[PDB]
Amino acid sequence: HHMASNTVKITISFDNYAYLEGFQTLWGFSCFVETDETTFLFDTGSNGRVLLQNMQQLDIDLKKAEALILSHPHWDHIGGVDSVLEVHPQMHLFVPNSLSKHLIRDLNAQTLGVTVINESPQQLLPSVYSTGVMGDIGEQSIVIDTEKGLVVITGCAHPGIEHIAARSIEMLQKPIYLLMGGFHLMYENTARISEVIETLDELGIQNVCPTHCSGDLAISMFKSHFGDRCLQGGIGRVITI
Amino acid sequence: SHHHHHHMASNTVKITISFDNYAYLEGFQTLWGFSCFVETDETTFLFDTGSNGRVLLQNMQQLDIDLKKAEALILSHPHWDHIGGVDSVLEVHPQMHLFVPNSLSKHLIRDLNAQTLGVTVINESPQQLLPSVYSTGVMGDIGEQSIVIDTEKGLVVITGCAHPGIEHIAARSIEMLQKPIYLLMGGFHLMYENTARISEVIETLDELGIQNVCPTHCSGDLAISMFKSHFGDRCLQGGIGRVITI
Ligand SMILES: [Mn+2]
Ligand SMILES: [Mn+2]
Ligand SMILES: [Mn+2]
Ligand SMILES: [Mn+2]
């Protein structure tokens, strides 16, 4: 009994892992989201020239995108904004208040307008919600409401992947079908990661797709724990809900 | 069997402001950030890349700056409005050497190494980078380097946003090379200082003997006005398209 999404197609378009041959791996994250109600870009990687190149090689039509959502102000997620907005300025933007006011001003003058998200969760597009800005760095994740459950996407997940999972489940009172993105576990030891995994098991996370800054150790442990419920990420990966 | 040596000081230096939130010439899009195209006797380099690499390349075309004659790219510090144009510059002209502060992400340094002629990572010690061109070394909490150009008229010190304090960057430069400062230019980060401390900054720069200033970018209109009242013609107008000849 929800106003959920019919089909959701997520394409990783920038990553430091490669799911497909023919793509330059670089540090950063970005993914292209197509639903039956909206189309949007989530983050822009560290390099907008490679990002545009990746999208041409993936047959991603950037001009079909209605909105650009930014997770947090780090170089490896806003590094492609200028290249994206040059070719497709007619977009509404959704950014966290952690972003420089100078940048927010420049973006407003270039696009259909910038919505600034605060600590309060908020719907952005049909079936697409922001967690609100969390953590000291000031990061927002996006929650997509689908028939199979929630799909949560994070940039580097600085506030803690388990706090973002729990925030999303509170917002919409549905379980999480897919938790994906960068988890920022690359500097953590084995013990800590097993605690995170088992908290994600308590919350009932059904599938995960850790990539970007998640860490080789964490990704391996996630794989051995979730098995086939742990999806291979990287540039060119396509996930359909 | 003939020997060849670089000059210690450059006889002529030409500095072109190619990205700024002030405009000196008509018909350029101001945006928050800074970039400088520097031509010396023996080398040509970029100092920072603004916040928007597409606008940066457009500004450089309109200014008849050929990016491809630049031998090096120097980054002052990791803020979005100074590294925002790096990817656009390296796509058209990757055959450059890079000089970056150690406050840059090691992930970003790794990526820049694979795409360029190589990255030199500056630490806390001052360091020569090019003929007549030195870095102060990484200063401040954010980790910002400024460049000191050795000229036959004295030192030309260029700064991105000057987070460590413009008076400390001035003093460091003078310690480095034991020459007076002919020109101190760039963003001085004096935007939210009251007139009382802008005044003690100004007279510290007077005691250091700064001969000319060009505050721009994040300097602040309050400070810029006090600077232009104190220095008169020795305070130069900044902005896109401003060409300073030494
Ligand atoms: Mn991050
Ligand atoms: Mn990241
Ligand atoms: Mn700065
Ligand atoms: Mn700045």
Side-chain angles (χ1 to χ4, degrees), chain A residues 12-19 23-31 42-51 53-54 70-83 98 135-139 153-161 180-189 193 210-220 233-235, chain B residues 48-49 51 53 73-91 94 96-123 138 142-145:
Chain A
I12 303 183
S13 47
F14 195 113
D15 203 348
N16 40 273
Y17 301 98
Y19 184 84
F23 293 93
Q24 184 178 2
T25 185
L26 284 169
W27 196 258
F29 193 64
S30 157
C31 59
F42 180 70
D43 280 344
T44 66
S46 56
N47 183 314
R49 313 315 294 161
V50 167
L51 177 72
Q53 159 74 23
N54 285 356
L70 299 175
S71 58
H72 65 296
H74 277 165
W75 62 280
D76 52 308
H77 299 258
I78 76 168
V81 165
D82 53 331
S83 288
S98 57
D136 311 299
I137 279 149
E139 183 181 340
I153 310 177
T154 73
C156 202
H158 291 295
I161 186 53
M180 67 169 298
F183 294 174
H184 212 78
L185 300 163
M186 60 182 319
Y187 303 118
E188 312 290 312
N189 55 68
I193 296 156
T211 189
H212 182 36
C213 59
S214 285
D216 292 323
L217 180 60
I219 291 164
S220 55
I235 303 176
Chain B
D48 282 348
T49 63
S51 61
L73 161 61
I74 305 180
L75 304 183
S76 67
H77 69 294
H79 282 169
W80 59 278
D81 58 314
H82 300 257
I83 68 166
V86 169
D87 57 337
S88 283
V89 169
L90 298 184
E91 178 191 29
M96 278 193 302
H97 289 278
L98 260 57
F99 302 90
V100 310
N102 65 4
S103 44
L104 252 68
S105 162
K106 313 266 104 193
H107 292 290
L108 177 49
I109 290 160
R110 173 165 164 87
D111 282 353
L112 295 174
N113 256 318
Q115 310 177 210
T116 67
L117 297 175
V119 174
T120 300
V121 181
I122 305 302
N123 294 297
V138 165
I142 306 93
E144 174 179 356
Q145 67 169 341

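Here is the naming used below: chain letters follow the sequence lines, and residue numbers restart at 1 for every chain. Computation of the quantities below employed the complete heavy-atom set of this structure, encompassing side-chain atoms and omitting hydrogens, waters and symmetry-equivalent molecules.
At distances below 3.5 Å, not a single donor-acceptor pair connects side-chain atoms of B/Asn102 with backbone N or O atoms of B/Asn123. Counting only distance, with no hydrogens or angles, the side chain of B/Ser103 and the backbone of B/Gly143 share a donor-acceptor pair below 3.5 Å. Side-chain atoms of A/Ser214 come within 3.5 Å of backbone atoms of A/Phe183 as a donor-acceptor pair (strictly under, hydrogens ignored). Remark: side-chain polar atoms of B/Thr116 are paired, donor with acceptor, to backbone N or O of B/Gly118 under 3.5 angstrom. Without hydrogens or angle criteria, B/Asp111 side chain to A/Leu26 main chain gives no donor-acceptor distance under 3.5 Å. Between the B/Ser51 side chain and the B/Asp81 main chain, no donor and acceptor come within less than 3.5 Å of each other. Judged purely by atom type and a 3.5 angstrom limit, B/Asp87 uses its side chain to pair as donor or acceptor with the backbone of A/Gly48. In terms of modelled atom types and a separation under 3.5 Å, the side chain of A/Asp15 and the main chain of A/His212 share a donor-acceptor contact. Remark: the backbone N or O of B/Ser76 is paired with a side-chain donor or acceptor of B/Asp48 at under 3.5 angstrom.
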- Please step through side-chain contact (heavy atoms from CB on, under 4.5 Å) for the pair B/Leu112 and B/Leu90, ending with a clear verdict. CA-CA 9 Å; B/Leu112 295 174; B/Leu90 298 184; 3.6 Å; yes
- Step-by-step side-chain contact (heavy atoms from CB on, under 4.5 Å) determination, B/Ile83 to B/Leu108: CA-CA 11 Å; B/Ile83 68 166; B/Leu108 177 49; 4.2 Å; yes
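Side-chain contact between A/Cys213 and A/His184: present, with at least one pair of heavy atoms (C-beta onward) separated by less than 4.5 Å. Between B/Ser105 and A/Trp75, the closest side-chain pair of non-hydrogen atoms falls below 4.5 Å. Put simply, the side chain of A/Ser83 reaches to within 4.5 Å of the side chain of A/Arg49, judged on heavy atoms. Between A/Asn47 and A/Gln24 there is no side-chain heavy-atom pair separated by less than 4.5 Å. Here the side chains of A/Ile12 and A/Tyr19 are not in contact, with every heavy-atom distance at 4.5 Å or above.
More than 12 heavy atoms of other shown residues, nucleotides or ligands fall within 6.0 angstrom of atom CG in A/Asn189.
Residues B/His107 and A/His74 keep their aromatic ring centres 6.0 Å or farther apart.
For B/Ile142 against B/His77, the heavy-atom pair with the smallest separation is CG2-CD2, 4.5 Å. Here the closest non-hydrogen pair linking B/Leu75 and B/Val86 is CD2-CG2, 3.9 Å.
Classified by interplanar angle (parallel below 30°, tilted 30° to 60°, perpendicular above 60°), the ring pair A/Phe29/A/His77 is tilted.
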